[PDB]
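**Q** Provided hereafter are the protein sequence and its experimental coordinates.
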Amino acid sequence: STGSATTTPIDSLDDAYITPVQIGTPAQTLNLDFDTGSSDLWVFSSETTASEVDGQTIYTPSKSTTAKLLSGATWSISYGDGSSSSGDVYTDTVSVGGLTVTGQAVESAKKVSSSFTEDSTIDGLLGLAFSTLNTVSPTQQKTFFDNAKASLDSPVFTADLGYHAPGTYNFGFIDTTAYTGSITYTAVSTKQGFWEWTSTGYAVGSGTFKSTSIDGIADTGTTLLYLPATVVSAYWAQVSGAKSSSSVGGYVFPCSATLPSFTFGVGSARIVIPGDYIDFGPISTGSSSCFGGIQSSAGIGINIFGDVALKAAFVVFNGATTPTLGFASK
């Protein structure tokens, strides 16, 4: 089997991408944030505290003839940005782009943190990291991809995120028309539960490539590119007037600037992020200070190849017995 679904930016900045997911019988379609940095499929629901729902579409398990309460199971998650959610668990039929999994754990939120409530466009998350990170207790549950894998034509999914435009998540096949050149594959460590890999270096604009190992994660659920402070300083030094602002929370730059590209290495291959992809717009409405799309990871503990980096590539998440990642230009 295969599946193919379009993923759409939630706003004009590409802050996140939403993908329609069918849950239950009859189908209830919710728009979920596919997140290769986490491993829970959780949704706003008829059980979510009413004051914490503000415009999201909810899953109502009592209206699904295939929903079954997973007795005794609870979940609770906290994300790298400080947001969180928790609740109970159903199993139900879940379909993405024509690919159907029966008995998928659907984690129904009883509580969500304010940042979720305040974002009316995201109805929940669909985790695509390794199932070892799933938070369901006392019986950990499998991700949608883990449940589908054995049925897929090939045990892979691909992320093709658009810049200021829709893109595609495919399951079970590699669309050879969706990229240019060849796909360069690189090793993955699953020791932390992430799609963790090592970039071979970087360049700023037309500058020389610096060969240096940068360990990080491929994370579709993170907006920006978070890299070591040395790398980030080298980038922003090429933008007149750019500076790190403690009060804003990162590097800012004059909105009048033209940003240089940023290149990262995948083995001997190179992925070029155009400068425009690094502009996240005014820090507040009407400001002439703009927020940068490349930020320091120093306070995170891990480097993160988020959407800024991934949307410059066609990315293969190869879930074979020994997982690997693939990157192609497009």
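**A** Thanks, I have it. Numbers count the residues shown, from 1 in each chain.

**Q** please report how far residue 130 lies from residue 157.
**A** Distance, residue 130 to residue 157, by Cβ to Cβ, to the nearest Å: 13 Å. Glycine gets a C-beta too; all of them are placed from N, C-alpha and C.

**Q** over to residue 44?
**A** Using Cβ to Cβ, residue 44 is found at 24 Å from residue 157.

**Q** and if you look at residue 37?
**A** Residue 37 sits at a distance of 14 Å from residue 157 (criterion: Cβ to Cβ).

**Q** neighbour count winner among those two?
**A** residue 157 (28 against 24; other Cβ atoms under 10 Å).

**Q** hey, what's that one bridged with?
**A** According to DSSP bridges, the partner residues bridging residue 157 are residue 171, residue 317.

**Q** same deal with residue 252?
**A** residue 243, residue 291.

**Q** surely it is in contact with residue 242?
**A** Yes. The pair residue 252 and residue 242 passes the contact test of Cβ atoms under 8 Å, sitting 6.9 Å apart.

**Q** which of the two has more neighbours?
**A** Set residue 252 next to residue 242 and count neighbours by other Cβ under 10 Å: residue 252 wins out with 23 against 20.

**Q** in contact with that one, which residues are there?
**A** Contact analysis of residue 252 by Cβ atoms under 8 Å, 6 or more residues apart in numbering lists 242, 243, 244, 245, 283, 289, 290, 291, 292.

**Q** neighbours around the third one, how many?
**A** Okay, so that is residue 244. Neighbourhood size, residue 244 [other Cβ under 10 Å]: 16.

**Q** roughly how far does the closest residue to it other than its chain neighbours sit from residue 161?
**A** What sits nearest to residue 244 in space, not counting adjacent residues and going by Cβ to Cβ, 6 or more residues apart in numbering, is residue 251, at 5.1 Å. As judged by Cβ to Cβ, residue 251 and residue 161 stand 22 Å apart.

**Q** how about the helices in this protein?
**A** 114-117, 144-148, 229-236, 307-310 (DSSP state H).

**Q** just name the most buried of the ones you listed.
**A** Across the helices of the chain, averaging neighbours per residue (mean count of other Cβ atoms under 10 Å) puts helix 307-310 on top, at a mean of 26.

**Q** report how many residues lie close to residue 104.
**A** Residue 104: 23 surrounding residues under other Cβ under 10 Å.

**Q** which residue sits closest to it, ignoring its sequence neighbours?
**A** residue 94 (4.1 Å).

**Q** list the beta-bridge partners for the one you found.
**A** Taking DSSP bridges, one finds residue 23, residue 101 as the beta-bridge partners of residue 94.

**Q** neighbours of residue 8, how many?
**A** Residues near residue 8, counting by other Cβ under 10 Å, number 16.

**Q** which ones are touching it?
**A** Contacts of residue 8 by Cβ under 8 Å, 6+ apart are 17, 18, 19, 166.

**Q** I figured the second one was touching residue 29, is that so?
**A** To tie it back to what came earlier, the one meant is residue 18. No. Taking contacts as Cβ under 8 Å, residue 18 lies outside contact range of residue 29: 11.1 Å.

**Q** which one's more surrounded, those two?
**A** Taking other Cβ under 10 Å, residue 18 and residue 29 do not tie; residue 18 has more neighbours (21 against 14).

**Q** OK, contacts around that one?
**A** Contacts were defined as Cβ under 8 Å, 6+ apart; by that measure residue 18 touches 7, 8, 10, 31, 32, 33, 121, 122, 123.

**Q** excluding its backbone neighbours, what's nearest the spatially most central residue of the chain?
**A** The residue lying closest to the centre of the chain (Cα atoms, centre = their mean) is residue 220, at 1.8 Å. Leaving aside its chain neighbours, residue 220 sits nearest to residue 36 (4.5 Å; criterion: Cβ to Cβ, 6+ apart).

**Q** surely that neighbour meets residue 316?
**A** No. Using Cβ under 8 Å, residue 36 is not in contact with residue 316; the gap is 11.6 Å.

**Q** which of the two has more neighbours?
**A** residue 36 (28 against 23).

**Q** now do the contacts for the closest residue to residue 11 other than its chain neighbours.
**A** Leaving aside its sequence neighbours, residue 11 sits nearest to residue 121 (Cβ to Cβ, 6+ apart; 7.4 Å). The contact partners of residue 121, taken as Cβ under 8 Å, 6+ apart, are 10, 11, 16, 18, 31.

**Q** which one of these is nearest residue 207?
**A** residue 16 (30.6 Å; Cβ to Cβ).

**Q** tell me who's in contact with the closest one.
**A** Residue 16 touches 9, 10, 33, 119, 121, 122, 221, 223, 307, counting by Cβ under 8 Å, 6+ apart.

**Q** and residue 3, by the same measure?
**A** Residue 3 makes contact with 95, 96, 97, 98, 99, 148, 170, 171, 172, according to Cβ under 8 Å, 6+ apart.

**Q** if we can go back for a sec, between residue 252 and residue 242, what contacts are shared?
**A** residue 292.

**Q** if anything else comes up later, I'll come back, but that's it for now.
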